[PDB]
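Here is the structure we will look at, set down as structure tokens.
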Amino acid sequence: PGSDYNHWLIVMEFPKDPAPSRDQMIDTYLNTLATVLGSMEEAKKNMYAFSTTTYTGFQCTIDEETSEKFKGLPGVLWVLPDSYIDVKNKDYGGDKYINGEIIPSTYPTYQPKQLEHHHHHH
């Protein structure tokens, strides 16, 4: 549902100690994408959304083969296909990254389906 094997959510892990700032995390997302894509220019072009609160990860337009390259990388916890949270607006959720400019998300606390926790029904 918006999932087409060319939009990928990459969930990461950060130091606690000094808590990374929000800008540090954005930079780290782009750093990670840039190492796989081989260029910072192409990372800035292909990162379209991210969170630093609800989850600590980013979402990018890369193909399936490319997404596999993230699974070994230090700091990467999950590589999962992204999907719409709002079909009408083709909204993938999370804050939007548009060539450096950040658009805060419409539903910031909304948990994406890919990161659902299953709660045992006792």
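If you're matching positions, the sequence shown starts at 11 in the deposited numbering and goes up one per residue.
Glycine is no exception: its CB is placed at the ideal position from the N, C-alpha and C atoms.
State the DSSP-derived secondary structure class of residue i, mapped to helix, strand or coil.
i, result
"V97", "coil"
"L43", "helix"
"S77", "helix"
Judging by CA-CA distance, which residue of the options is the nearest neighbour of residue i?
i, options, result
"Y107", "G12, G85 and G67", "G67"
"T63", "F80, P118, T71 and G82", "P118"
"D14", "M50, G103, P114 and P91", "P91"
Strictly by DSSP, which residues pair up with residue i?
i, result
"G67", "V21 and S61"
"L90", "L19"
For residue i and residue j, which I take to be in contact (beta-carbon distance under 8 Å), what is that distance rounded to the nearest angstrom?
i, j, result
"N16", "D101", "So it is not a contact: roughly 17 Å between Cβ atoms."
Note down, one range per segment and in chain order, each beta strand (DSSP E) of at least 3 residues found wholly within the region 97-126. 105-108 and 111-113
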